[PDB]
Every structure is written in structure tokens, then in C-alpha cells.
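Below is one structure, written out as C-alpha cells, with a few remarks after it.
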Amino acid sequence: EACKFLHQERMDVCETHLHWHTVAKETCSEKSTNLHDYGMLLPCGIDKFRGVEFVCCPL
Ligand SMILES: [Cu+2]
């Protein structure tokens, strides 16, 4: 297994870093992997974002 690159965004809400980190972590965990790194997408408002791209790696 290699690591997998994934991209998630929302068109209905802007959310903080913490929400997107949470989404990325839980997504990797559902896929039996660990989140290694992530970057926010589509900055919104003064401190929010509309998505995240991230890399899930084997346990
Ligand atoms: Cu974080």
C-alpha cells in the first residue's frame, strides 16, 4: 500500500481549520489509514475555508 491523496470540499458552508482537520482525520481512519499531512482549500471569510486536500498513509 502507498499513501492516498484525497480532496473534499463543500459548496454550502465555510468552516474553520479545525473542522477540516477533523474531516481529513476521520476520513483516513475510515479507510484504515492515518492522516499524514493536509492543506486547506478555498479560503473563505476572514478565517475559514471550503475544503481540504490530504494524504492518508498505511498504519
Ligand atoms: Cu489541524
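These residue numbers are counts, starting from 1, taken along the chain as shown.
The way this entry was determined, per its header, is X-ray crystallography, 1.6 Å.
Cβ from N, Cα, C; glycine included.
Noted in Swiss-Prot for the protein shown:
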- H17, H21, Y38: Cu(2+) 1 binding site (BINDING)
- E53, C56, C57: Zn(2+) 1 binding site (BINDING)
- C3-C57: disulfide bond (DISULFID)
- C14-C44: disulfide bond (DISULFID)
- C28-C56: disulfide bond (DISULFID)
- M40: site 'Required for Cu(2+) reduction' (SITE)
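Structural mapping of features recorded in Swiss-Prot.
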residue: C3; record: disulfide bond; DSSP (3 states): coil
residue: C14; record: disulfide bond; DSSP (3 states): coil
residue: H21; record: Cu(2+) 1 binding site; DSSP (3 states): helix
residue: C28; record: disulfide bond; DSSP (3 states): helix
residue: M40; record: site 'Required for Cu(2+) reduction'; DSSP (3 states): strand
residue: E53; record: Zn(2+) 1 binding site; DSSP (3 states): strand
Spatial neighbours of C56 (Zn(2+) 1 binding site) that are distant in sequence (at least 6 apart) but have CB under 8 A
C3, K4, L6, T27, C28, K31, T33, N34, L35, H36
Surrounding the recorded Zn(2+) 1 site, with Cβ no more than 8 Å from the Cβ centroid of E53, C56, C57 and those residues left out, we find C3, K4, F5, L6, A24, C28, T33, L35, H36, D37, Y38, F54, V55
Given the recorded positions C14, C44, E53, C57, state which is nearest to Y38 (Cu(2+) 1 binding site) when distance is taken between Cα atoms.
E53
Hey, for the Cu(2+) 1 site built from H17, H21, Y38, who else sits with CB inside 8 A of the CB center?
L18, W20, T22, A24, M40, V52, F54
Should we count any of the recorded positions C3, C28, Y38, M40, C44, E53 as near ligand 1, judged by a CB under 6 A from one of its atoms, and which?
none
Nearest of the recorded positions to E53 (Zn(2+) 1 binding site) by CA-CA distance, picking from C14, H17, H21, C44?
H21
